[PDB]
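Participant: The structure that follows is given in the form of structure tokens.
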Amino acid sequence: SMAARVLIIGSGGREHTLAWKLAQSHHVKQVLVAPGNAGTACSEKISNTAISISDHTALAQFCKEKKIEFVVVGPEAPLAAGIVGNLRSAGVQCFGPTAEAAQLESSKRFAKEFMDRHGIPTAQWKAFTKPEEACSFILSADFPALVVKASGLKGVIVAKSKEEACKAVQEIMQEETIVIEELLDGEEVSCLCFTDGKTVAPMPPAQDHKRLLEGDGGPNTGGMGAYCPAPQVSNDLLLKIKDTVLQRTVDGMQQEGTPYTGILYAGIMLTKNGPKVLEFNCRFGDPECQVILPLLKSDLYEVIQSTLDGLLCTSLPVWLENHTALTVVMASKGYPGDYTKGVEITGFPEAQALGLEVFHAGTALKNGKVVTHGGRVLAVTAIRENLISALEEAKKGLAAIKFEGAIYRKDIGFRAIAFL
Ligand SMILES: Nc1ncnc2c1ncn2[C@@H]1O[C@H](COP(=O)(O)OP(=O)(O)OP(=O)(O)O)[C@@H](O)[C@H]1O
Ligand SMILES: [Cl-]
């Protein structure tokens, strides 16, 4: 099925990665990214479009006029806005869950209730709308009830003391419901799968670093780096997770008459008691996408097309084994607070020539130059035989790329390396 045109929604590194990867398919003549960035502007197959992504009527008309085969959604917002359901009733295929099914991410209360209803393991919890009753619960639990979550996508506060959790319940009920749950401990890992509603095809597990500074210090951010596969997870554990979380989530959704299709993301804590779910999401994470998709050997276009057709098992994904992908984000001075914009970037061509992938996040074209246009500017991904080697190879690319006030971490993966 040659000469397909495909559309991706979004404008960060995740969307560059999806575009790059799709463009490799022999089935694909054109990838359009809406609105895209400087990394996707100007390629043999990839280009940007200013089509509105929030007016679903106009988006559908644009899809049919250009004969777009299907739409791929990068970020979570359009999913929760109904993009899939609306494109479908207009006769346009879109990869992703419906708004109803994205409730696994969009409402934390729904997710926790859904999990209790189907014996999916997760931290014990309770929801509140009055803050006084929330304090009562914090103050009188014998387990550490110290994690407070704004139900509607601060958002999440992990307190160390009852005092801090009461303080937190106060801040989140300023500017619905909140969920207070047990503080678990152990290792966090991201477990994704492709799913068509019935079949489940897990991705190899990833980990990322949210903290701004080396050593895991400073403020949290959207993610300063990631790598895949996380060596902390045995094969047994992955099949426990596939059975106990992924297949069980999809089956549960299907059995409640709200089938789940696209990507299911589960954030998981490895406890002494086993795997527990911290949160669901409905799309690739950023910068994890930048380390999972480079590991995919199959044609992504085939995987997606077969997922839309409900024939996921006819085209199971095949992964690169014995390779580790690791990615390191370059960010603008001041991130995650106020940062500078419009700063000229050099060296990303030589970084790629060294055999690395450069995935653009906040970049833009300006007067024949590429300039910073966002907090996270780009990521360099290396694919090698182990973490340590991938890290050091990525760092050569990082040293070639220069912009005024660039920051990045030189220790991505340090814990996985210490685990081994
Ligand atoms: N139920 C849970 N048990 C334990 N950890 C959790 C739970 N749910 C979420 N988390 C994790 O807590 C992490 C964030 O907590 P962290 O220890 O970084 O403190 P923080 O709230 O981020 O503090 P800061 O004010 O510095 O941002 C997230 O990575 C999130 O996945
Ligand atoms: Cl919908």
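Here's how to read the names in the structure tokens: chain A, B, ... by the order shown, residue numbers from 1 in each chain, ligand numbers from 1 in the order shown.
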Please tabulate, as JSON lines, the residues of chain A that come within 7 Å of ligand 2, each with its closest pair of atoms and the distance in Å to one decimal, counting only C-alpha atoms and all ligand atoms and ordering rows by chain, then residue number upward.

Facilitator:
```
{"residue": "A:82", "atom": "CA", "partner": "ligand 2", "partner_atom_place_in_ligand_line": "1 (Cl)", "distance": 3.6}
{"residue": "A:83", "atom": "CA", "partner": "ligand 2", "partner_atom_place_in_ligand_line": "1 (Cl)", "distance": 5.9}
{"residue": "A:84", "atom": "CA", "partner": "ligand 2", "partner_atom_place_in_ligand_line": "1 (Cl)", "distance": 5.1}
{"residue": "A:85", "atom": "CA", "partner": "ligand 2", "partner_atom_place_in_ligand_line": "1 (Cl)", "distance": 3.3}
{"residue": "A:86", "atom": "CA", "partner": "ligand 2", "partner_atom_place_in_ligand_line": "1 (Cl)", "distance": 6.0}
{"residue": "A:98", "atom": "CA", "partner": "ligand 2", "partner_atom_place_in_ligand_line": "1 (Cl)", "distance": 3.9}
{"residue": "A:99", "atom": "CA", "partner": "ligand 2", "partner_atom_place_in_ligand_line": "1 (Cl)", "distance": 4.2}
{"residue": "A:100", "atom": "CA", "partner": "ligand 2", "partner_atom_place_in_ligand_line": "1 (Cl)", "distance": 6.3}
```

Participant: For ligand 1, collect every residue having any atom at a distance of at most 8 Å from a ligand atom (counting only C-alpha atoms and all ligand atoms); output as a PyMOL selection string.

Facilitator: chain A and resi 122-123+147+156-159+181-185+188+210-211+218-220+267+269+277-279

Participant: Take the residues from that selection and write them out as a short mmCIF file (atom, residue, chain, number, x, y, z; two decimals), in the first residue's frame, keeping N, CA and C atoms.

Facilitator:
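Saved file out.cif follows:
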```
data_model
loop_
_atom_site.label_atom_id
_atom_site.label_comp_id
_atom_site.auth_asym_id
_atom_site.auth_seq_id
_atom_site.Cartn_x
_atom_site.Cartn_y
_atom_site.Cartn_z
N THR A 122 -2.61 -1.36 42.59
CA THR A 122 -2.36 0.08 42.63
C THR A 122 -2.28 0.45 44.13
N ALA A 123 -1.87 1.66 44.46
CA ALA A 123 -1.83 2.08 45.87
C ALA A 123 -3.24 2.32 46.37
N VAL A 147 0.50 11.05 49.46
CA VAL A 147 0.56 11.45 48.05
C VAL A 147 -0.78 12.06 47.66
N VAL A 156 0.41 16.86 41.31
CA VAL A 156 0.82 15.74 42.12
C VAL A 156 1.84 16.22 43.16
N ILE A 157 1.51 16.04 44.44
CA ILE A 157 2.48 16.33 45.49
C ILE A 157 2.77 15.10 46.34
N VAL A 158 4.06 14.81 46.48
CA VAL A 158 4.54 13.71 47.28
C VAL A 158 5.14 14.30 48.52
N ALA A 159 4.38 14.22 49.61
CA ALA A 159 4.79 14.80 50.86
C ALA A 159 5.56 13.74 51.63
N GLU A 181 -3.38 9.03 48.16
CA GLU A 181 -3.02 7.62 48.14
C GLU A 181 -1.73 7.26 48.88
N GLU A 182 -1.54 5.97 49.12
CA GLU A 182 -0.36 5.51 49.82
C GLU A 182 0.96 5.79 49.09
N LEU A 183 1.92 6.36 49.81
CA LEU A 183 3.29 6.48 49.33
C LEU A 183 3.94 5.10 49.24
N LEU A 184 4.16 4.61 48.03
CA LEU A 184 4.86 3.35 47.84
C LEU A 184 6.35 3.67 47.75
N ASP A 185 7.20 2.65 47.82
CA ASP A 185 8.57 2.86 47.35
C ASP A 185 9.13 1.72 46.49
N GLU A 188 10.62 3.20 39.85
CA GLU A 188 9.61 3.55 38.86
C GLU A 188 10.06 3.10 37.47
N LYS A 210 13.31 13.36 35.63
CA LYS A 210 12.56 14.63 35.67
C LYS A 210 13.38 15.79 36.24
N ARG A 211 14.28 15.47 37.16
CA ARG A 211 15.05 16.49 37.86
C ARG A 211 15.98 17.25 36.93
N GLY A 218 17.65 19.82 42.22
CA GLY A 218 16.92 20.94 41.63
C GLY A 218 15.44 20.66 41.39
N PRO A 219 14.75 21.56 40.67
CA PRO A 219 13.30 21.39 40.44
C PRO A 219 12.99 20.30 39.42
N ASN A 220 11.79 19.73 39.50
CA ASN A 220 11.30 18.82 38.45
C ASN A 220 11.08 19.56 37.14
N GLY A 267 2.46 3.93 34.32
CA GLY A 267 3.57 4.25 35.21
C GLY A 267 3.55 3.27 36.37
N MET A 269 5.35 1.30 39.87
CA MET A 269 6.30 1.18 40.95
C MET A 269 6.56 -0.31 41.19
N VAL A 277 0.42 0.25 39.90
CA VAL A 277 0.22 1.36 38.98
C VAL A 277 0.12 2.69 39.69
N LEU A 278 0.99 3.62 39.29
CA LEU A 278 0.99 4.99 39.79
C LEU A 278 0.08 5.91 38.97
N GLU A 279 0.02 5.69 37.66
CA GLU A 279 -0.85 6.47 36.75
C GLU A 279 -0.96 5.82 35.36
#
```

Participant: I need the residues of stretch 248-307 of chain A that end up classed as strand (DSSP E or B) by DSSP on the backbone, written out as a PyMOL selection string.

Facilitator: chain A and resi 262-271+274-281+296

Participant: DSSP says helix (DSSP H, G or I) for which residues of stretch 237-350 of chain A? Put them as an MDAnalysis selection string?

Facilitator: chainID A and resid 237:255 289:295 300:308 312:315 348:350

Participant: Using only C-alpha atoms, which residue out of A:209, A:201, A:337, A:375 lies closest to residue A:318?

Facilitator: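 Closest residue, counting only C-alpha atoms: A:201.
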
Participant: Name the closest residue to residue A:259 among the candidates A:336, A:347, A:204, A:197; distances are taken between atoms, counting only C-alpha atoms.

Facilitator: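 Nearest to residue A:259: A:197.
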
Participant: Of the candidates A:51, A:152, A:415, A:68, which one gets nearest to residue A:208 if we count only C-alpha atoms?

Facilitator: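 Under the stated criterion, the closest residue is A:415.
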
Participant: What lies within 10 Å of stretch 227-236 of chain A using only C-alpha atoms, ignoring chain neighbours under 5 positions off, as a PDB file with N, CA, C and O atoms, in the first residue's frame?

Facilitator:
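What follows is the written file selection.pdb:
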```
ATOM      1  N   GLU A 187      11.433   1.105  42.621  1.00  0.00           N
ATOM      2  CA  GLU A 187      11.818   1.673  41.333  1.00  0.00           C
ATOM      3  C   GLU A 187      10.625   2.015  40.445  1.00  0.00           C
ATOM      4  O   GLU A 187       9.729   1.194  40.282  1.00  0.00           O
ATOM      5  N   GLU A 188      10.624   3.204  39.848  1.00  0.00           N
ATOM      6  CA  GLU A 188       9.610   3.545  38.860  1.00  0.00           C
ATOM      7  C   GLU A 188      10.058   3.105  37.473  1.00  0.00           C
ATOM      8  O   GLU A 188      11.250   3.127  37.185  1.00  0.00           O
ATOM      9  N   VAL A 189       9.103   2.704  36.629  1.00  0.00           N
ATOM     10  CA  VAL A 189       9.343   2.313  35.234  1.00  0.00           C
ATOM     11  C   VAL A 189       8.088   2.571  34.411  1.00  0.00           C
ATOM     12  O   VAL A 189       6.962   2.503  34.920  1.00  0.00           O
ATOM     13  N   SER A 190       8.295   2.871  33.136  1.00  0.00           N
ATOM     14  CA  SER A 190       7.220   3.162  32.209  1.00  0.00           C
ATOM     15  C   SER A 190       6.979   1.947  31.350  1.00  0.00           C
ATOM     16  O   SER A 190       7.887   1.470  30.661  1.00  0.00           O
ATOM     17  N   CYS A 191       5.751   1.452  31.373  1.00  0.00           N
ATOM     18  CA  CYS A 191       5.420   0.289  30.587  1.00  0.00           C
ATOM     19  C   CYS A 191       4.331   0.610  29.588  1.00  0.00           C
ATOM     20  O   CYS A 191       3.168   0.828  29.958  1.00  0.00           O
ATOM     21  N   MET A 203       5.666  -2.594  24.881  1.00  0.00           N
ATOM     22  CA  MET A 203       6.946  -2.042  24.502  1.00  0.00           C
ATOM     23  C   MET A 203       7.977  -2.377  25.580  1.00  0.00           C
ATOM     24  O   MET A 203       7.616  -2.674  26.714  1.00  0.00           O
ATOM     25  N   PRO A 204       9.267  -2.377  25.231  1.00  0.00           N
ATOM     26  CA  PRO A 204      10.210  -2.666  26.306  1.00  0.00           C
ATOM     27  C   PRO A 204      10.201  -1.480  27.281  1.00  0.00           C
ATOM     28  O   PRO A 204      10.064  -0.356  26.836  1.00  0.00           O
ATOM     29  N   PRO A 205      10.394  -1.730  28.595  1.00  0.00           N
ATOM     30  CA  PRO A 205      10.178  -0.728  29.655  1.00  0.00           C
ATOM     31  C   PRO A 205      11.220   0.403  29.633  1.00  0.00           C
ATOM     32  O   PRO A 205      12.402   0.157  29.330  1.00  0.00           O
ATOM     33  N   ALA A 206      10.798   1.636  29.928  1.00  0.00           N
ATOM     34  CA  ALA A 206      11.738   2.755  29.913  1.00  0.00           C
ATOM     35  C   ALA A 206      11.758   3.471  31.246  1.00  0.00           C
ATOM     36  O   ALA A 206      10.918   3.217  32.071  1.00  0.00           O
ATOM     37  N   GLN A 207      12.717   4.369  31.435  1.00  0.00           N
ATOM     38  CA  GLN A 207      12.825   5.201  32.632  1.00  0.00           C
ATOM     39  C   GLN A 207      13.263   6.556  32.172  1.00  0.00           C
ATOM     40  O   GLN A 207      13.931   6.658  31.156  1.00  0.00           O
ATOM     41  N   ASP A 208      12.906   7.604  32.896  1.00  0.00           N
ATOM     42  CA  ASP A 208      13.402   8.924  32.549  1.00  0.00           C
ATOM     43  C   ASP A 208      13.848   9.692  33.778  1.00  0.00           C
ATOM     44  O   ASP A 208      13.673   9.239  34.880  1.00  0.00           O
ATOM     45  N   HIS A 209      14.463  10.842  33.583  1.00  0.00           N
ATOM     46  CA  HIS A 209      14.884  11.687  34.682  1.00  0.00           C
ATOM     47  C   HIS A 209      14.109  13.033  34.609  1.00  0.00           C
ATOM     48  O   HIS A 209      14.256  13.763  33.626  1.00  0.00           O
ATOM     49  N   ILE A 241       3.439  -7.875  34.440  1.00  0.00           N
ATOM     50  CA  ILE A 241       2.911  -6.568  34.192  1.00  0.00           C
ATOM     51  C   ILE A 241       1.957  -6.598  32.998  1.00  0.00           C
ATOM     52  O   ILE A 241       0.878  -5.997  33.041  1.00  0.00           O
ATOM     53  N   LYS A 242       2.355  -7.310  31.942  1.00  0.00           N
ATOM     54  CA  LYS A 242       1.508  -7.472  30.763  1.00  0.00           C
ATOM     55  C   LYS A 242       0.156  -8.084  31.135  1.00  0.00           C
ATOM     56  O   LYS A 242      -0.882  -7.676  30.620  1.00  0.00           O
ATOM     57  N   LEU A 270       7.831  -0.690  41.237  1.00  0.00           N
ATOM     58  CA  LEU A 270       8.173  -2.041  41.681  1.00  0.00           C
ATOM     59  C   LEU A 270       8.289  -2.069  43.204  1.00  0.00           C
ATOM     60  O   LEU A 270       9.288  -1.614  43.747  1.00  0.00           O
ATOM     61  N   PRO A 287      10.739  12.745  27.118  1.00  0.00           N
ATOM     62  CA  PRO A 287      11.528  12.184  26.043  1.00  0.00           C
ATOM     63  C   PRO A 287      11.625  10.666  25.891  1.00  0.00           C
ATOM     64  O   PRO A 287      12.441  10.220  25.079  1.00  0.00           O
ATOM     65  N   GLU A 288      10.794   9.886  26.567  1.00  0.00           N
ATOM     66  CA  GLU A 288      10.809   8.423  26.326  1.00  0.00           C
ATOM     67  C   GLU A 288      10.589   7.964  24.886  1.00  0.00           C
ATOM     68  O   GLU A 288      11.235   7.016  24.433  1.00  0.00           O
ATOM     69  N   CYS A 289       9.677   8.609  24.171  1.00  0.00           N
ATOM     70  CA  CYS A 289       9.460   8.267  22.771  1.00  0.00           C
ATOM     71  C   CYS A 289      10.780   8.220  21.978  1.00  0.00           C
ATOM     72  O   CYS A 289      11.008   7.328  21.158  1.00  0.00           O
ATOM     73  N   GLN A 290      11.637   9.199  22.263  1.00  0.00           N
ATOM     74  CA  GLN A 290      12.968   9.356  21.698  1.00  0.00           C
ATOM     75  C   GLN A 290      13.938   8.209  22.046  1.00  0.00           C
ATOM     76  O   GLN A 290      15.070   8.173  21.521  1.00  0.00           O
ATOM     77  N   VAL A 291      13.528   7.312  22.945  1.00  0.00           N
ATOM     78  CA  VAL A 291      14.298   6.099  23.173  1.00  0.00           C
ATOM     79  C   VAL A 291      13.544   4.813  22.905  1.00  0.00           C
ATOM     80  O   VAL A 291      14.162   3.769  22.754  1.00  0.00           O
ATOM     81  N   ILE A 292      12.217   4.850  22.859  1.00  0.00           N
ATOM     82  CA  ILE A 292      11.499   3.610  22.533  1.00  0.00           C
ATOM     83  C   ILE A 292      11.432   3.339  21.022  1.00  0.00           C
ATOM     84  O   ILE A 292      11.746   2.245  20.566  1.00  0.00           O
ATOM     85  N   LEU A 293      11.045   4.340  20.236  1.00  0.00           N
ATOM     86  CA  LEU A 293      10.850   4.133  18.802  1.00  0.00           C
ATOM     87  C   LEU A 293      12.140   3.821  18.030  1.00  0.00           C
ATOM     88  O   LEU A 293      12.119   3.001  17.097  1.00  0.00           O
ATOM     89  N   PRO A 294      13.271   4.461  18.396  1.00  0.00           N
ATOM     90  CA  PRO A 294      14.508   3.956  17.783  1.00  0.00           C
ATOM     91  C   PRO A 294      14.802   2.487  18.051  1.00  0.00           C
ATOM     92  O   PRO A 294      15.679   1.906  17.387  1.00  0.00           O
ATOM     93  N   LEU A 295      14.081   1.856  18.974  1.00  0.00           N
ATOM     94  CA  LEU A 295      14.336   0.421  19.226  1.00  0.00           C
ATOM     95  C   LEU A 295      13.418  -0.474  18.407  1.00  0.00           C
ATOM     96  O   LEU A 295      13.608  -1.684  18.353  1.00  0.00           O
ATOM     97  N   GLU A 321      16.925  -6.202  20.064  1.00  0.00           N
ATOM     98  CA  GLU A 321      17.466  -6.743  21.311  1.00  0.00           C
ATOM     99  C   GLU A 321      18.972  -6.536  21.414  1.00  0.00           C
ATOM    100  O   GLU A 321      19.650  -6.309  20.390  1.00  0.00           O
ATOM    101  N   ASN A 322      19.471  -6.557  22.648  1.00  0.00           N
ATOM    102  CA  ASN A 322      20.887  -6.275  22.925  1.00  0.00           C
ATOM    103  C   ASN A 322      21.384  -4.887  22.522  1.00  0.00           C
ATOM    104  O   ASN A 322      22.584  -4.694  22.308  1.00  0.00           O
ATOM    105  N   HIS A 323      20.469  -3.937  22.407  1.00  0.00           N
ATOM    106  CA  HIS A 323      20.836  -2.541  22.217  1.00  0.00           C
ATOM    107  C   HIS A 323      20.136  -1.687  23.262  1.00  0.00           C
ATOM    108  O   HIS A 323      19.018  -1.984  23.680  1.00  0.00           O
ATOM    109  N   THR A 324      20.816  -0.653  23.728  1.00  0.00           N
ATOM    110  CA  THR A 324      20.180   0.299  24.615  1.00  0.00           C
ATOM    111  C   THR A 324      20.121   1.648  23.896  1.00  0.00           C
ATOM    112  O   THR A 324      21.118   2.095  23.303  1.00  0.00           O
ATOM    113  N   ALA A 325      18.955   2.283  23.935  1.00  0.00           N
ATOM    114  CA  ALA A 325      18.831   3.654  23.499  1.00  0.00           C
ATOM    115  C   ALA A 325      18.786   4.606  24.711  1.00  0.00           C
ATOM    116  O   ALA A 325      18.084   4.354  25.717  1.00  0.00           O
ATOM    117  N   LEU A 326      19.538   5.700  24.605  1.00  0.00           N
ATOM    118  CA  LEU A 326      19.608   6.677  25.668  1.00  0.00           C
ATOM    119  C   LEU A 326      19.548   8.042  25.036  1.00  0.00           C
ATOM    120  O   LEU A 326      20.140   8.256  23.963  1.00  0.00           O
ATOM    121  N   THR A 327      18.858   8.968  25.702  1.00  0.00           N
ATOM    122  CA  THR A 327      18.603  10.261  25.112  1.00  0.00           C
ATOM    123  C   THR A 327      18.840  11.362  26.140  1.00  0.00           C
ATOM    124  O   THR A 327      18.576  11.178  27.307  1.00  0.00           O
ATOM    125  N   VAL A 328      19.360  12.510  25.699  1.00  0.00           N
ATOM    126  CA  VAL A 328      19.710  13.573  26.626  1.00  0.00           C
ATOM    127  C   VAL A 328      19.178  14.872  26.078  1.00  0.00           C
ATOM    128  O   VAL A 328      19.504  15.236  24.959  1.00  0.00           O
ATOM    129  N   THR A 381      19.844  11.298  20.787  1.00  0.00           N
ATOM    130  CA  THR A 381      19.728   9.881  21.100  1.00  0.00           C
ATOM    131  C   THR A 381      20.838   9.032  20.520  1.00  0.00           C
ATOM    132  O   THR A 381      21.094   9.072  19.334  1.00  0.00           O
ATOM    133  N   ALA A 382      21.484   8.245  21.366  1.00  0.00           N
ATOM    134  CA  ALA A 382      22.432   7.248  20.911  1.00  0.00           C
ATOM    135  C   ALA A 382      21.856   5.847  21.117  1.00  0.00           C
ATOM    136  O   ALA A 382      21.187   5.604  22.112  1.00  0.00           O
ATOM    137  N   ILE A 383      22.135   4.940  20.185  1.00  0.00           N
ATOM    138  CA  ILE A 383      21.715   3.550  20.248  1.00  0.00           C
ATOM    139  C   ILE A 383      22.996   2.713  20.207  1.00  0.00           C
ATOM    140  O   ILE A 383      23.679   2.677  19.184  1.00  0.00           O
ATOM    141  N   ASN A 386      25.052  -1.030  25.290  1.00  0.00           N
ATOM    142  CA  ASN A 386      24.786  -0.951  26.725  1.00  0.00           C
ATOM    143  C   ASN A 386      24.639   0.507  27.115  1.00  0.00           C
ATOM    144  O   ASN A 386      24.969   1.384  26.307  1.00  0.00           O
ATOM    145  N   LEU A 387      24.145   0.775  28.323  1.00  0.00           N
ATOM    146  CA  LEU A 387      23.931   2.153  28.771  1.00  0.00           C
ATOM    147  C   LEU A 387      25.198   2.977  28.627  1.00  0.00           C
ATOM    148  O   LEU A 387      25.230   3.956  27.887  1.00  0.00           O
ATOM    149  N   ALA A 390      26.149   4.020  25.271  1.00  0.00           N
ATOM    150  CA  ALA A 390      25.192   4.927  24.658  1.00  0.00           C
ATOM    151  C   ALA A 390      25.333   6.314  25.275  1.00  0.00           C
ATOM    152  O   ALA A 390      25.319   7.315  24.556  1.00  0.00           O
ATOM    153  N   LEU A 391      25.503   6.384  26.591  1.00  0.00           N
ATOM    154  CA  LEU A 391      25.672   7.680  27.244  1.00  0.00           C
ATOM    155  C   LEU A 391      26.881   8.428  26.655  1.00  0.00           C
ATOM    156  O   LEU A 391      26.761   9.565  26.191  1.00  0.00           O
ATOM    157  N   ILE A 412      22.686  11.033  32.654  1.00  0.00           N
ATOM    158  CA  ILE A 412      21.458  10.288  32.368  1.00  0.00           C
ATOM    159  C   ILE A 412      21.707   8.788  32.415  1.00  0.00           C
ATOM    160  O   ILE A 412      22.563   8.264  31.710  1.00  0.00           O
ATOM    161  N   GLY A 413      21.004   8.096  33.292  1.00  0.00           N
ATOM    162  CA  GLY A 413      21.122   6.660  33.341  1.00  0.00           C
ATOM    163  C   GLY A 413      21.963   6.227  34.503  1.00  0.00           C
ATOM    164  O   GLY A 413      22.176   5.042  34.703  1.00  0.00           O
ATOM    165  N   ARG A 415      21.605   5.686  37.502  1.00  0.00           N
ATOM    166  CA  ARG A 415      21.081   4.717  38.462  1.00  0.00           C
ATOM    167  C   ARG A 415      20.994   3.328  37.865  1.00  0.00           C
ATOM    168  O   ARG A 415      21.351   2.339  38.511  1.00  0.00           O
ATOM    169  N   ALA A 416      20.581   3.251  36.613  1.00  0.00           N
ATOM    170  CA  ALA A 416      20.573   1.978  35.907  1.00  0.00           C
ATOM    171  C   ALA A 416      21.980   1.398  35.852  1.00  0.00           C
ATOM    172  O   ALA A 416      22.191   0.191  36.017  1.00  0.00           O
ATOM    173  N   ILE A 417      22.952   2.269  35.618  1.00  0.00           N
ATOM    174  CA  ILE A 417      24.340   1.832  35.563  1.00  0.00           C
ATOM    175  C   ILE A 417      24.781   1.319  36.928  1.00  0.00           C
ATOM    176  O   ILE A 417      25.483   0.312  37.025  1.00  0.00           O
ATOM    177  N   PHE A 419      22.760   0.076  39.150  1.00  0.00           N
ATOM    178  CA  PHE A 419      21.997  -1.141  39.415  1.00  0.00           C
ATOM    179  C   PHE A 419      22.742  -2.394  38.952  1.00  0.00           C
ATOM    180  O   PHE A 419      22.758  -3.394  39.649  1.00  0.00           O
ATOM    181  N   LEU A 420      23.368  -2.329  37.781  1.00  0.00           N
ATOM    182  CA  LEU A 420      23.936  -3.527  37.138  1.00  0.00           C
ATOM    183  C   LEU A 420      24.991  -4.272  37.977  1.00  0.00           C
ATOM    184  O   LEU A 420      26.198  -4.097  37.796  1.00  0.00           O
TER     185      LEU A 420
END
```

Participant: I'd like to know which of A:224, A:90, A:38, A:246 is closest to residue A:360, using only C-alpha atoms.

Facilitator: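 Of all the options, A:38 lies closest to residue A:360.
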